[PDB]
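Below, in structure tokens: the form deposited in one PDB entry, a single chain.
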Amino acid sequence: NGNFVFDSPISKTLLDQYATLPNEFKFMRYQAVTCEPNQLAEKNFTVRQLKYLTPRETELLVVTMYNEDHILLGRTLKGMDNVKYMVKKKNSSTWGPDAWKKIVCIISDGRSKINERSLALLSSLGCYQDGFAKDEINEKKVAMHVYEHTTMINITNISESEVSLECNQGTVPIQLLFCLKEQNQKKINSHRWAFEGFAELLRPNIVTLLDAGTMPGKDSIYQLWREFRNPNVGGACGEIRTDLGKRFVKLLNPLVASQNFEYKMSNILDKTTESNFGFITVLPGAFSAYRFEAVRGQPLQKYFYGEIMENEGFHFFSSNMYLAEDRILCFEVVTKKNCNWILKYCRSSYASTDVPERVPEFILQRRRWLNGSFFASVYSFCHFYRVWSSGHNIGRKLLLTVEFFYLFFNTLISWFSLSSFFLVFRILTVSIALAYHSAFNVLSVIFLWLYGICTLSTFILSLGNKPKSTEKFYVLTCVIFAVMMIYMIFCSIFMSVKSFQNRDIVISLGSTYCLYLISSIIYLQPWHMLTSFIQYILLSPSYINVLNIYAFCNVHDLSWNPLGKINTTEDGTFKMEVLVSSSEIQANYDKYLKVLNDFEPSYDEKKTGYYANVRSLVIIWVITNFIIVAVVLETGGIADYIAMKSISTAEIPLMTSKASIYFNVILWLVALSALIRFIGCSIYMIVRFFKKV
């Protein structure tokens, strides 16, 4: 039909296990796509599911990959376990002995970057054969290499070294569909291929987004698909668990134990609370599910292209919304016009992913998350009236409004954290010295200077340099801040012990831990509340001061005729035309005489200019935090101003009463959020328990 397709046989060694035979199993199809992802249908491209005597009707998985090795891809593919569980499911109206026919997509990204040890595994499965890729077809550049087949072998064990494949009477067929882009176009393009391309052909019911390296549990995909029984749910997500290795031998890295605790409390407290209202801020791209009908239309338009209505110039939201990439989908689904979709959190389905283990990789990873969450929250709050233009009933609309206000309260608290941390630190360290005089004077001065030097260097290195160039310094900074936090804990314990012997710093901070602990107990998963709490506490002054500074200082990732030839022989003789005619010489001379007598750059450069002027206006964050510091501590010359006024009608005081008032406000304002999230987690568990009963 004007398109290039090919159909090769597989190696007879595969046939040896396959016999232990239809046209689906013995052959593979290589369609080569050259068009745009949004044209597969009208360019006469098909897939094997639409070719049979009765076309197959798909019920359910996109696995994005870039350069992951074969162990990560093996883990994702092994998590085949879900498909096997779903065929062996007996008492069901949707799944049964032939369930695999209703489940189908591995989107690679560029041939140069792909790890050929993973192409090895894809070929072992039988979904790729080298030899017949075609880098252009009839003056049209190929864009996609689509291999398809239907294997019989399953990954059954994964050591640290090898992936074990087998083909028995107990394995189940898998309808693989391997897409190979010839070039890296970033993840958004891959999702573009998955949603605007093959999803329009297959017409699935649910689209589940996995991520190479993420291993769903033995039932997790089934438990996620069960969330969509409710005809209102539009998206869903499950728990993401840090992979702690064999014998939990990766819970030693303090950067991995920190992330384990952080993920675990994010799931227990934040996600259940959000799911009560009906709008989860981010559905993780490593393990999420969308009802296809829910996202078609406005959500995908906003995700892939952006706010289309725009002039030639740049606008804030329209030209910056690309920084909140996969979080636009959630907001546009929940607030869709004339539809009542909601987002649900399923805690019965988990997936264990791999986390960064070195400080530079970790910083670069969180640079994306922090900018995405900040821009997404600003967009959600500045556009929350859309909630009232949607189709929900009035109760749900009120709940969503309350949740949006609570989420903005949280983002504001997080914006003022640079100053909250310093103020708590300096108020506490000066107060202990004023109380006891012994050696806390010198430590107060020393720690002020250490904080100042580390913060100065973090601004300078993040604005100018790159984390890979200077890793020793970032490790040293994290160690310095850990020691500072230890000193803060010692000071609080000392002050409280002496005060008891002779106060609210224990009634508020103790509640936050007791409430954290009780929420973990309610969730029936408390084992992180001791193995990894200390690392989080110690690596927490660095999540406030190093990841935030780097995140805001690197918002946008800026990036600032042949008129002759002479060939001669060994002798060196040749000739060409020479402008011999003196009239033409005079003509050229008069041309230059008259030339003497006749007395914005690229859109890319203009866009880079705009992007770099918006990264430099958000940092100048610093002023609004210093305003708080100056008001409370009376820095900035304000105390001098008050003293001079008193003289006009004197001496400056060491520590004032604004410090006490503020340092109470922060402790109770951080106890309040823990209280709210504990109540939310309790409601979630209780409602789930009644519905299960």
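From 1 onward, residues are counted along the sequence shown. Heads up, when I say rigid core I mean the largest set of C-alphas that superpose within 1.5 Å between the two forms.
- Of the other entries compared for this protein that flank it with modelled residues, all give atoms for residue 267, so not even a third lack it.
- Of the other compared PDB entries of this protein that include residues on both sides, all give residue 556 atoms, none of them, and so not a third, leaving it without.
- Counting the deposited residues that fall between residue 74 and residue 75 and carry no coordinates gives zero.
- Going from residue 620 to residue 621, the model skips 1 to 3 deposited residues, which lack coordinates.
Just so it is clear, the following notes concern the form deposited in another entry, a form of the same protein that is not shown.
- Put the two forms on the same core and the Cα of residue 532 is off by 2 Å or more between this form and the one not shown.
- The pair residue 214 and residue 537 is tighter in that other deposited form: their Cα-Cα distance falls by no less than 3 Å compared with this form.
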